[PDB]
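Order of the sequence lines fixes the chain letters, A, B, ..., with proteins taken first and strands second; residue numbering starts at 1 for each chain.
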Number of protein chains: 4
Amino acid sequence: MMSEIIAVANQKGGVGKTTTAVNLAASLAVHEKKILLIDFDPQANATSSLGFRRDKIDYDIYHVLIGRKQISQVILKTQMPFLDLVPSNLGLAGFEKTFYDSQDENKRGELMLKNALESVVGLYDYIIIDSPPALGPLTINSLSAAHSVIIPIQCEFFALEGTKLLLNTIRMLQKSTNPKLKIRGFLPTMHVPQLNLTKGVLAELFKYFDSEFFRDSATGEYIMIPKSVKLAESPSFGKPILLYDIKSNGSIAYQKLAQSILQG
Amino acid sequence: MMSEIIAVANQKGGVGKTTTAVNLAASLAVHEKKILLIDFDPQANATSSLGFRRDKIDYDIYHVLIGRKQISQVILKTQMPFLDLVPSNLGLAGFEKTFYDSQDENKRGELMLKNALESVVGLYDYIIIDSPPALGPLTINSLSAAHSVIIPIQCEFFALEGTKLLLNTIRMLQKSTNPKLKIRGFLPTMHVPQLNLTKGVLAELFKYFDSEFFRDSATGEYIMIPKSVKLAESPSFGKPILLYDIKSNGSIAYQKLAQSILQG
Amino acid sequence: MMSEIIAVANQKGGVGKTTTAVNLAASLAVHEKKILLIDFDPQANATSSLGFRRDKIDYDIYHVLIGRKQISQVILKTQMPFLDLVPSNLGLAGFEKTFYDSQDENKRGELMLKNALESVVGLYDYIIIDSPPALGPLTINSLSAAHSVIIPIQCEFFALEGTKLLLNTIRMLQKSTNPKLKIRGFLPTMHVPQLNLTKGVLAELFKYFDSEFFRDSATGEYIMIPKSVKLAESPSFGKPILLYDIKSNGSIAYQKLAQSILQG
Amino acid sequence: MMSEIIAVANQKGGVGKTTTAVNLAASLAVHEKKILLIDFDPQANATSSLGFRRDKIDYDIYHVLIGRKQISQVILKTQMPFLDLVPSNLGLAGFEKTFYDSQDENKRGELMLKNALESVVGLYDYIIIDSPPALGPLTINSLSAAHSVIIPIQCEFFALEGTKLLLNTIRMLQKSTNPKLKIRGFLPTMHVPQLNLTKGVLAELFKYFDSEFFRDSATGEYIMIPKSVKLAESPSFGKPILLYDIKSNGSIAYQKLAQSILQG
DNA sequence: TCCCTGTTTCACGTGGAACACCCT
DNA sequence: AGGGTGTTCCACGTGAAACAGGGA
Ligand SMILES: Nc1ncnc2c1ncn2[C@@H]1O[C@H](COP(=O)(O)OP(=O)(O)O)[C@@H](O)[C@H]1O
Ligand SMILES: Nc1ncnc2c1ncn2[C@@H]1O[C@H](COP(=O)(O)OP(=O)(O)O)[C@@H](O)[C@H]1O
Ligand SMILES: Nc1ncnc2c1ncn2[C@@H]1O[C@H](COP(=O)(O)OP(=O)(O)O)[C@@H](O)[C@H]1O
Ligand SMILES: Nc1ncnc2c1ncn2[C@@H]1O[C@H](COP(=O)(O)OP(=O)(O)O)[C@@H](O)[C@H]1O
Ligand SMILES: [Mg+2]
Ligand SMILES: [Mg+2]
Ligand SMILES: [Mg+2]
Ligand SMILES: [Mg+2]
């Protein structure tokens, strides 16, 4: 039993991290794999998108990072039996201060998530972490605990530099804390293929990263999440799109992403 | 005179903060008012949108907040003679550590931007600050230095929640540090009027906030930024839309926002 | 009393003449007024629509107009007690030859329906005549026997012309044979309001004829027959829509037409 | 050089005869065959559908049937070089009277169109005649002039009866005037395949006529003209949909009909 | 070089209709 | 059988964007 830990990360906000994390988790569960999703963002969209309103949540991931609880007590089960969730809440916005308090004394604070996870890394196939928007303490925790990193990219101008900064952050940690950190793939999100800016931004990214881009093993096609109002309406129903609408282009793209992850 | 300081702020990223700040700054410069735009985001998309490479940038606003420099030495003149810029760079990601130490030291980190701002408030008509996506120390400094706040809102499922969060921080600061802090307007961005999700999100926001939504004085119409790829392409040219294409509906909408701000 | 005689007439076929004639007859019969529907079409769709098999057809209207019989021996009772029928037959196609023999002679042939009708005009409240698709001798007899005229209109490219053609005939007969003949209304059929061609034809008709269009007295709304597959399947059951499905939109529209006529 | 004469005929109005005659003519001309289309309806919708309004026409088919002129002087050229038209006008409504005068004397009146046509039967590949709505003298001349007959069928209840009647008219003329008359095919028009009324009427027709229904040369699939608002807008442009939009489903169906006619 | 036009393609909202469950 | 639902499926209208060319 070993779980692969995959962080979905991008300092930039609004690029599809939470949409990807939730729907990739559900898409991997349908292939009868056991999935643990970790909302690592204080606003807690992944939690809300699975129907847990964060008025209702009592104990957070934050409580676990404090040692105030063990991760086994915070886990919640979802409408899908093979998808459980460690929820979030705005209390985790305290973690930033704790991080620096850690830096004050201890050479410790980068691995508060890795240590919180050790309890369960052997009871799931995949642990998917939904990261917040920055290269701050929460995202560094996220990347320091992960085997693999999924980078969802919206194909507009700021994605260019945005990636650069992100990758340098990974490679410093590849020499730092987490030498095993791997990029599992780039994933274009909200993808509108006919727009000129999209064609140019993807061309410029391909020039350096074509190797990194997610592909369909059967056909070798790129896998990209189309822009689809169905995927934006999904959180309004507390469900991932494969329960909410299984043949939408958005849902099909996320299930192809699951299979490609499933090759290796 | 005395500058009015407007923060462009929102709990979420990717909702058009940087787009609104840049294009509002430029649209007020056309009516020949003198404007300073402050990139207050470590990713620094505002800087990048006005054509400044971030490597070419030497000493940033971070230095100014740290006292290594004073705000007058970092200002740069732009392709618009009536629009200057305080550039940013990821070095400003250091500020949050400073922030917590400052609050540890003497409850001091929330007005370090306001103090850095005293040097120049009487040399501009408008100072526009573009803040990062969270309610973190940088955004807190932005809202604590400002007289008024523009909230750009993308009309998707979490907009209600996110704004509630932002408004509850604004209300803590009006009772704390900046009591005259005012809401200058909500501004719907990337607005696609035909989508059901858009109409539903706008109906729910109107029920609580119609009063705050920017309106064109002439006709009483709402001001909404249309979805317009020209606006996403403009920063790859280092220009604001009125220089890249002044007849775009995105450019027309931002000139209507500029005029509405100028009426009072 | 005197029965009011309404011709359902229009230069072109397939615009709904038979459907409105039949269902208007039934919808007025529900208000317990006694009505005779006169199939004046050799194809005899009204006959078949009330369940009469044309094997059972033995003595037609054609027999009556030649004097072979009087209108009272051809009438038949229908499943509605307040609705009887003069059936038709392809034998009625013989009448046009008779017509020209007639006009060769004595200006005789335009009123042969009117004369065959006065044997019974004091035994019904309404006489509804279902005319054939042209401005030929049968339709000429129909419009020459009638007090009022219903014009069903399918809203496609040639409707304008058709009505103009029909109108010119009506109005030559108003100075010729039947001077009190009046237009009781235009009635849009098979109406699907979303089509651009529907909108364009209705605008073109409104500009010349708005006054003539049937209206619901209660609200002043136009009465238009919706396109409704139920109304096309009803005659396969030998029924009018009010017996085949009373809550269909077709039946509701025809009952509002009935009510509007009952007002005068 | 022998021209094949094809009548487009059906007693019922509004079933697509003129739409079929026009678009079949145009679809055959594009296959480099020379086509003469004959408007045999006094309302003259085929003529107007090719852009010649009926105010503008000088001498019509009627003048020719009376012998007042010869068919070569009434012909008109179309926007397509391989399709000419003998136009119509409401003067042809006089022909019914002419027919019966003929009947008094000579057993002739059934072939006055056949007589008018011999003058040109050797200068066209196909002569397509667009018939009026009844089994009156005009349709009789049409079927007595033809080698073959195309029967367009709208699949509603009245197509059952109507069909039987038309065939008897043909079988009687196959014993009367035109012994080589053949039906080249049934053609379902305005076809909406999912409607239950459609499935049932086609089933009842297939039971007697499956062999007669038009089929695709290549696959043996039925050829049916889909219900398409583009085909109803087509006369609004004075053009057949082959020029007005050659990729609409209506246009594709008619060009498949042309190819199938062209196999034999 | 600018900028006018028309045409094509695409996602989304809309509503009539067949249908598989539903109640009972 | 009767009287909901809600679900899928289709054609059509709409509006943003790309584009081809047309234009002195
Ligand atoms: N493929 C897509 N098409 C349309 N909208 C999307 C898509 N993916 C995400 N969204 C919407 O975009 C917004 C940002 O997505 P989210 O996953 O919350 O990004 P992040 O977690 O990176 O901040 C949300 O409104 C979300 O529902
Ligand atoms: N009205 C608009 N239409 C189309 N794209 C837009 C619009 N406004 C912003 N964008 C694009 O959306 C992306 C995210 O917006 P940005 O302004 O950087 O917001 P934030 O500062 O909140 O992350 C950028 O690629 C930007 O060019
Ligand atoms: N409102 C309607 N919706 C759907 N089908 C209709 C409607 N009105 C008529 N029909 C059908 O259209 C066909 C033509 O109508 P019909 O009443 O026979 O026309 P006409 O008598 O003018 O030739 C018939 O099959 C009829 O069932
Ligand atoms: N396949 C089709 N889809 C939609 N409308 C059609 C179609 N065929 C014909 N129409 C329209 O139906 C009406 C009747 O067609 P038409 O060819 O005039 O029949 P007819 O010649 O038998 O009287 C016209 O408005 C016509 O444009
Ligand atoms: Mg998120
Ligand atoms: Mg920004
Ligand atoms: Mg009829
Ligand atoms: Mg016709």
- line: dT5(E) -> Watson-Crick or G-U wobble partner, both distances under 3.5 Å, gives none
message: Going by ring pair (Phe, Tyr, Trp, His ring centres under 6.0 Å), name the residues that satisfy it together with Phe186(D), two or more places apart in sequence or in a different chain.
response: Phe209(D), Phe213(D)
task: Could you tell me which residues satisfy salt bridge (charged side-chain N to carboxylate O under 4.0 Å, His left out) with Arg215(D), sequence neighbours excluded, listed by chain and number?
output: none
Look for any protein N or O under 3.5 Å of an N or O in nucleotides 10-16 of chain F and output each such pair with its distance, or none.
from, atom 1, to, atom 2, distance (Å)
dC12(F), OP1, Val229(D), N, 2.6
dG13(F), OP1, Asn196(C), N, 3.1
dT14(F), OP2, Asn196(C), ND2, 3.3

message: Within the 3.5 Å criterion, strictly below it, is a donor on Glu221(B) or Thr219(B) matched to an acceptor on the partner's side chain?
response: no
- prompt: Can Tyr254(A) and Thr19(A) be counted as having a side-chain donor-acceptor contact under 3.5 angstrom?
  reply: no
- prompt: Rounded to the nearest Å, what distance is computed from the NE2 atom of residue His191(D) to the P atom of nucleotide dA17(E)?
  reply: 16 Å
task: Return yes if some donor-acceptor pair links the side-chain N/O of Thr189(D) with the main-chain N/O of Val15(D) below 3.5 Å, else return no.
output: yes
task: Measure the distance from CD1 on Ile225(A) to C1' on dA11(E) and round it to the nearest whole Å.
output: 17 Å
statement: So the salt bridge (charged side-chain N to carboxylate O under 4.0 Å, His left out) pairs with at least one residue in residues 230-257 of chain D (sequence neighbours excluded) are none
Where do N or O atoms of nucleotides 1-8 of chain F meet protein N or O atoms at under 3.5 Å, pair by pair?
none

field: Any side-chain donor near an acceptor of the partner, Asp210(D) and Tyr222(D), under 3.5 Å
entry: no
- prompt: Can you tell me the Watson-Crick or wobble partner of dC9(F), both distances under 3.5 angstrom?
  reply: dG16(E)
- request: Taking ring pair (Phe, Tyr, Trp, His ring centres under 6.0 Å) as the test, write out the residues that go with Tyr244(D), two or more places apart.
  value: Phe237(D)
query: Taking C1'-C2'-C3'-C4' positive as north and negative as south, where does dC10(F) sit?
result: north
- prompt: For the pair made of CD in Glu156(B) and P in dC12(E), what is the distance, rounded to whole Å?
  reply: 16 Å
- prompt: Does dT5(E) have its sugar in the north or the south range once you look at the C1'-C2'-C3'-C4' torsion?
  reply: north
